[PDB]
Amino acid sequence: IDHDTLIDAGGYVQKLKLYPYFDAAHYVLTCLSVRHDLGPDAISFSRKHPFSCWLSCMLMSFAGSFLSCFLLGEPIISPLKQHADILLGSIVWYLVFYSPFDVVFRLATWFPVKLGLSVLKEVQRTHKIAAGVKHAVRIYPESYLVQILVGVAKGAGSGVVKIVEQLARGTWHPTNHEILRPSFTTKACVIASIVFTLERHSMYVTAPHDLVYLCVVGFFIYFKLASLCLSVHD
Amino acid sequence: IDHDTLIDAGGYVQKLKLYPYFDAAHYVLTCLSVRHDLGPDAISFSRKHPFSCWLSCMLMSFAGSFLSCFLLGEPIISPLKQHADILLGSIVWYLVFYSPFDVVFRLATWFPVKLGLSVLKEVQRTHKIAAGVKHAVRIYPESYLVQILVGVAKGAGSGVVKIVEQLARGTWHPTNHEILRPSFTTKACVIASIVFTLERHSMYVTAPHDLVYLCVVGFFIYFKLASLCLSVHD
Amino acid sequence: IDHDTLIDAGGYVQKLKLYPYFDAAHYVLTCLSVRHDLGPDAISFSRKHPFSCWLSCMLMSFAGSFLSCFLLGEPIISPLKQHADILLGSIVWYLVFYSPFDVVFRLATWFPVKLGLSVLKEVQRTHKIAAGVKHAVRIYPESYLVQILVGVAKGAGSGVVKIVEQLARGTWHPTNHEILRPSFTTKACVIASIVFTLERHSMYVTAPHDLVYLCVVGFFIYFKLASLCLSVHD
Ligand SMILES: CCCCCCCCCCO[C@@H]1O[C@H](CO)[C@@H](O[C@H]2O[C@H](CO)[C@@H](O)[C@H](O)[C@H]2O)[C@H](O)[C@H]1O
Ligand SMILES: CCCCCCCCCCO[C@@H]1O[C@H](CO)[C@@H](O[C@H]2O[C@H](CO)[C@@H](O)[C@H](O)[C@H]2O)[C@H](O)[C@H]1O
Ligand SMILES: CCCCCCCCCCO[C@@H]1O[C@H](CO)[C@@H](O[C@H]2O[C@H](CO)[C@@H](O)[C@H](O)[C@H]2O)[C@H](O)[C@H]1O
Ligand SMILES: CCCCCCCCCCO[C@@H]1O[C@H](CO)[C@@H](O[C@H]2O[C@H](CO)[C@@H](O)[C@H](O)[C@H]2O)[C@H](O)[C@H]1O
Ligand SMILES: CCCCCCCCCCO[C@@H]1O[C@H](CO)[C@@H](O[C@H]2O[C@H](CO)[C@@H](O)[C@H](O)[C@H]2O)[C@H](O)[C@H]1O
Ligand SMILES: CCCCCCCCCCO[C@@H]1O[C@H](CO)[C@@H](O[C@H]2O[C@H](CO)[C@@H](O)[C@H](O)[C@H]2O)[C@H](O)[C@H]1O
Ligand SMILES: CCCCCCCCCCO[C@@H]1O[C@H](CO)[C@@H](O[C@H]2O[C@H](CO)[C@@H](O)[C@H](O)[C@H]2O)[C@H](O)[C@H]1O
Ligand SMILES: CCCCCCCCCCO[C@@H]1O[C@H](CO)[C@@H](O[C@H]2O[C@H](CO)[C@@H](O)[C@H](O)[C@H]2O)[C@H](O)[C@H]1O
Ligand SMILES: CCCCCCCCCCO[C@@H]1O[C@H](CO)[C@@H](O[C@H]2O[C@H](CO)[C@@H](O)[C@H](O)[C@H]2O)[C@H](O)[C@H]1O
Ligand SMILES: CCCCCCCCCCO[C@@H]1O[C@H](CO)[C@@H](O[C@H]2O[C@H](CO)[C@@H](O)[C@H](O)[C@H]2O)[C@H](O)[C@H]1O
Ligand SMILES: CCCCCCCCCCO[C@@H]1O[C@H](CO)[C@@H](O[C@H]2O[C@H](CO)[C@@H](O)[C@H](O)[C@H]2O)[C@H](O)[C@H]1O
Ligand SMILES: CCCCCCCCCCO[C@@H]1O[C@H](CO)[C@@H](O[C@H]2O[C@H](CO)[C@@H](O)[C@H](O)[C@H]2O)[C@H](O)[C@H]1O
Ligand SMILES: [Mg+2]
Ligand SMILES: [Mg+2]
Ligand SMILES: [Mg+2]
């Protein structure tokens, strides 16, 4: 009965209310990333330049939406009108950098938890890509390429914003073969985006959409979990 | 009677017609900055690539307006439609880089003068922030955050444009602890912006607006004059 | 009879249907450039990251249009709606990086051919600038400056996009006096742009427009051919 069960699981995941737990997971991981990139002085830095620190995290937390607006010519500022989102994001940021005894940070970096957060984040990423594709389809019905790129921007735009932040923080530097970091994330966002676009135009995808959705989420979680448990071979 | 006098001084400064003297002060200082950043070959460089040099100065001279348009999704080109402004800016730029015997440059870098120009510039910056907040309020009445960010963009956006220019000129490089430059400008623009935003929504500011205005300008001039007379302790 | 013949040649060149041969020439040269900038591992790189490689070439192939939209506040994505163009561009890109035995690449880099392609590209660049000016004139009838800048953006915007790509690829680095590369391209686009703008407002240009057009194209081809045959003195 798998294929009837799987179909239900897919519709299940696809209907999950992301706010506020799946969103918070993404914010937490995003803040941890900004904190890791800030260095050993991260805490001193955050206490001396809170506005800058807060900004660095908000930009990364909503990177996909900023890039998306940029591509579509919508006010870059748009995302900041999701008051609930910005508030939740600022609270997480406050907790990650300033919780007493740094408990939040310590709890979030404990492997079992970081792993649970990563799963929730992948679920949320899949939703961002799908939403991005749907939004693009409503604006440019016949532009398959735009639809795909927008979907990818919503799912992997953090890379662009990171560069922007490292330039503004004066730390950007070439990345010419320092280490071998095998990341399939953005390539996976491309595939997911194409798949959702095709699905939206009912073409090569004859499979039940709720099942395809399950597979996309499944692959995201897989590749993500693989890189977390491993280091160089999956 | 101070508080009646002060109130008048505040309304006074707030009504000052910025064009063309307060504007020219800002243009002069902006051009001097681009010239200092260009190096020893600045003059040879400017004589070989005048269009590029002119562009570098216009971008910096109107940085706040370009960033503002960028954030609001308005044509980035908008600022260039202020013919009088662009003309005055181009004239100042021409004089700073090409005046015979370099008199303009020499006069502008003479401490007493550079100090007078700095005062006028701070007065103009305060007006940019306030105007930015008002503009944002008219477009997004309930978005306090957007209003603040726009105000800050109008007051401290030159930092973004500078990076853009150093990338286009091929000179950008990390700024990892070369020297200890204590600049409170942008942090002050943040405060000023918040204050004007609050003031616009008549909340925590029970003080006479014209008096608050005086304080903001006063603090800008102070922090600015402090950094000019000092080097590492104020 | 030259001046009657020349006038005809000018109207001639100006009416040339750019698609698909003049366009393909530009795409081919653009792809060769991205390939040269990718290095010795270019081929391995392209086979491991095709989506990224394809993107790098599309961004450069339509750089002028992306910058133009950016300046005018039009959706940055707009250019991708020229399906025929994007298809032709993707096909050229596919052929340049993956043709069997690399014949396309080998044929395109054979001096006589690269020289022929360069001529066609210069013809196309002239058309981009003129189109850019006309577009700007229709939107902002009295903004001479905007009209000129837009024209220049359409003709020399690839420089901006290149920087963007080197940042995203993690290879950007200062260009502080490594070699002496004498490029007059963008300075020539500035002149061409001013000339077309003036021409559009029927001012200082009393010369037959079709003749001026011929001269502009002629100068582009000249400066371009000069740099190709030479290395340091023309
Ligand atoms: C409720 C809304 C509150 C948020 C409002 C908007 C927040 C303001 C964002 C800009 O913050 C700036 O960030 C810079 C860093 O990019 C700091 O540069 C300072 O700190 C840097 C390092 O972080 C140094 O490199 C610089 O030299 C030094 O000037 C600067 O002080 C700070 O003001
Ligand atoms: C100097 C920077 C400091 C910024 C301070 C400004 C904060 C302004 C908050 C005013 O509106 C808030 O809206 C929140 C929602 O966004 C509410 O949260 C409550 O309501 C939300 C739903 O509206 C739920 O999500 C929350 O979990 C629940 O705590 C909260 O009660 C309410 O006061
Ligand atoms: C990175 C480290 C992680 C940071 C740590 C912060 C985690 C916060 C855990 C919140 O746990 C929630 O607590 C709610 C109470 O606030 C519960 O509400 C539920 O139970 C309440 C009673 O306890 C009822 O009043 C509510 O209506 C019912 O929704 C809800 O089930 C539970 O998930
Ligand atoms: C530290 C890492 C480990 C953390 C793992 C815990 C994650 C907690 C996030 C909770 O997410 C919620 O899950 C609910 C279910 O429990 C969903 O109920 C929803 O979905 C159900 C079906 O799955 C329906 O039956 C319900 O009616 C409907 O409210 C709801 O949308 C979703 O926000
Ligand atoms: C009335 C309106 C008039 C203004 C119209 C628009 C002005 C044109 C802006 C672009 O100017 C370009 O600036 C580049 C610099 O960013 C120069 O690069 C040249 O100079 C650089 C150094 O400044 C070098 O690094 C480069 O290699 C070299 O090609 C290039 O020659 C020049 O054309
Ligand atoms: C190759 C680059 C060279 C660019 C040359 C193109 C210049 C075009 C100027 C034509 O319009 C100008 O407008 C100026 C105003 O912007 C006037 O200045 C006069 O009028 C202004 C007010 O309109 C005052 O601000 C000035 O101080 C006063 O000199 C000036 O008379 C007038 O000719
Ligand atoms: C960085 C180095 C600084 C660069 C040096 C350039 C400074 C230019 C100084 C201008 O001084 C102005 O001269 C005006 C004359 O052009 C005067 O007009 C005034 O006086 C004129 C008579 O002199 C009358 O005709 C006018 O109506 C009356 O407005 C005005 O008061 C005075 O401020
Ligand atoms: C080298 C550095 C040292 C330079 C210092 C000199 C600065 C000169 C800038 C002149 O600024 C003007 O000041 C006028 C006053 O003199 C103002 O008159 C205006 O404001 C007055 C009140 O202050 C009113 O009484 C007037 O009617 C009204 O025209 C006018 O707006 C303003 O542009
Ligand atoms: C029909 C439409 C198809 C096109 C859809 C959109 C194409 C997707 C564009 C982004 O492609 C990304 O480019 C990155 C490069 O900028 C790659 O980074 C990888 O490769 C880089 C080198 O090229 C390394 O520096 C990075 O560390 C490494 O993660 C990444 O894998 C790849 O996904
Ligand atoms: C995974 C990435 C792979 C992408 C595959 C998607 C391609 C979709 C193609 C469908 O429409 C195409 O339009 C082309 C035009 O753009 C046509 O070319 C033909 O028609 C054109 C004019 O429409 C001419 O320019 C061409 O030379 C001629 O081959 C072609 O027949 C037709 O099928
Ligand atoms: C960088 C290396 C370069 C890459 C190599 C790819 C170059 C492709 C060459 C195409 O040559 C074209 O072939 C067409 C045929 O497909 C001809 O059509 C013409 O001749 C055909 C018969 O051969 C007729 O059917 C057509 O109607 C008539 O338009 C056309 O004249 C000719 O220019
Ligand atoms: C490897 C480098 C060397 C490659 C050099 C070969 C370049 C081939 C590109 C062909 O460009 C076409 O030339 C046609 C002429 O042959 C033009 O016919 C057009 O223009 C003619 C006038 O020039 C008119 O008579 C025609 O009716 C009209 O169709 C047409 O627009 C244009 O696309
Ligand atoms: Mg949704
Ligand atoms: Mg005003
Ligand atoms: Mg045309």
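So, how was this worked out
- Residues numbered from 1 in each chain as written, not as in the entry; some residues may be left out.
- Chains lettered and ligands numbered in written order.
- Heavy atoms only, no water.
- Least-squares fit on C-alpha atoms.
- Contact = heavy atoms within 4.5 Å.
- Near = heavy atom within 4 Å.
- Polar contact = N/O pair within 3.5 Å; in protein donor to acceptor, adjacent residues only side chain to side chain.
- Areas by Shrake-Rupley, 256 points an atom, 1.4 Å probe, with all protein chains shown as cover.
- Helix = DSSP H or I, 4+ residues; strand = E, 2+ residues; numbered from the N terminus.
- Nonpolar A, V, L, I, M, F, W, Y, C, P; charged D, E, K, R; others polar.
- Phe/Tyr/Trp six-rings, centres within 6.5 Å; stacked < 30°, edge-to-face > 60°.
- Buried < 20%, exposed > 50% of the residue type's maximum accessible area, 1.4 Å probe, protein only.
- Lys NZ or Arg CZ within 6 Å of the ring centre and 35° of its normal.
- Buried area = accessible area lost by both parts, 1.4 Å probe.
- Salt bridge = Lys/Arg side-chain N within 4 Å of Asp/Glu carboxyl O.

In the PDB archive, X-ray crystallography is given as the structure determination method for this entry, at a resolution of 2.3000 Å.

Side note on the relation of the copies chain A and chain B
The transform that puts chain A on chain B rotates by 120 degrees and translates by 0.0 Å along the axis, for an RMSD of 0.0 Å. What the rotation and shift describe, once combined, is the action of a three-fold rotation axis. Of every C-alpha in chain A, the one belonging to A:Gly73 sits nearest the axis of rotation, 3.8 Å from it. Comparing interface residues between copies, only 16% of those in chain A also sit at the interface in chain B, which points to a heterologous contact through distinct surfaces.

Digging into the site of ligand 8
Residue and element names in this part refer to chain B. Residues in close proximity to ligand 8 include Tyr12, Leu16, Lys17, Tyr21, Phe22, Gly116 and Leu117, which together make up its full environment. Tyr12 is positioned such that a nitrogen or oxygen atom in its side chain is 2.8 Å from an oxygen atom of ligand 8. One nitrogen or oxygen atom from the main chain of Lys17 is found 2.8 Å from an oxygen atom belonging to ligand 8. Relative to its unbound accessible area of 750 Å², ligand 8 is 40% covered by the protein chains. Elements supplying a minimum of two residues to the shell around ligand 8: α2 (21–38) and α8 (111–139). Of the residues that constitute the shell around ligand 8, the class distribution is five nonpolar, one polar and one charged.

Points about the packing of aromatic side chains
Evaluated as defined, the whole model comprises 27 aromatic pairs over all chains. With centroids separated by 5.6 Å and ring planes inclined at 10 degrees, the aromatic side chains of B:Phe184 and B:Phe223 adopt a geometry described as stacked. Here B:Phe223 lies in helix α12 (residues 209–229) and B:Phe184 lies in the loop between α10 (158–168) and α11 (185–200), a separation of 39 residues in the sequence. For B:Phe223, a relative accessible area of 29% gives the class partly exposed. With a centroid separation of 6.3 Å and 50 degrees between ring planes, the pair formed by C:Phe97 and C:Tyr98 is classed as tilted. Take C:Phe97 and C:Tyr98: they sit in the same class, and that class is buried. One aromatic cluster is present, built from ring pairs that chain together A:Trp93, A:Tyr94, A:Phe97 and A:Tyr98. A cation over an aromatic ring shows up here: B:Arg35 above the ring of B:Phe105, its NZ or CZ 3.5 Å from the ring centre.

Digging into the interface of chain A and chain B
Listed by partner, the interface residues are 19 residues for chain A and 19 residues for chain B. Looking at the side of chain A facing chain B, the largest losses of area belong to A:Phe51, A:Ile77 and A:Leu167, adding up to 33% of the total buried there. The tally of links between chain A and chain B comes to zero salt bridges. Within the residue set of the side of chain A that touches chain B, elements represented by two or more residues are α4 (50–61), α6 (83–98) and α10 (158–168) of chain A. Here the element with the most residues in the side of chain A that touches chain B is α10(A); it accounts for three residues. For the side of chain A that touches chain B, the per-class residue count stands at 11 nonpolar, five polar and three charged.

Looking at the site of ligand 1
Close to ligand 1 lie A:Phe45, A:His49, A:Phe51, A:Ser52, A:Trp54, A:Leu55, A:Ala168, B:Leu145, B:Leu149, B:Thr186, B:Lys187 and B:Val190, which account for all nearby residues. Chains contributing residues near ligand 1 are chains A and B. At a separation of 2.8 Å, an oxygen atom of ligand 1 approaches a polar side-chain atom of A:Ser52. Note that an oxygen atom of ligand 1 is positioned 3.4 Å from one of the backbone N or O atoms of A:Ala168. Here ligand 1, which alone exposes 740 Å², has 73% of that area covered by the protein. Put simply, the parts of the chain that give the shell around ligand 1 at least two residues each are α4 of chain A together with α9 (144–156) and α11 of chain B. A per-element tally of the shell around ligand 1 places α4(A) first, with four residues. Taken together, the residues that form the shell around ligand 1 break down as eight nonpolar, three polar and one charged.

Side note on the environment of A:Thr171
Structurally, A:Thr171 is set in the loop between α10 and α11 (185–200). Distance in space between the C-alpha atoms of A:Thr171 and A:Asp37 is 9.7 Å, their sequence separation being 134 residues. Beyond its immediate sequence surroundings of up to four residues, A:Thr171 is in contact with A:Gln166, B:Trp172 and B:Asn176.

Let's talk about the interface of chain A and chain C
Counting from both sides, the interface comprises 19 residues of chain A and, opposite them, 19 residues of chain C. Interface area, chain A with chain C, both sides summed: about 1,600 Å², of which 76% is carbon and sulfur. In terms of surface lost to chain C, no three residues of chain A exceed A:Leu145, A:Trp172 and A:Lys187, which account for 27% of the buried area on that side. At the boundary of chain A with chain C, the tally comes to zero salt bridges.

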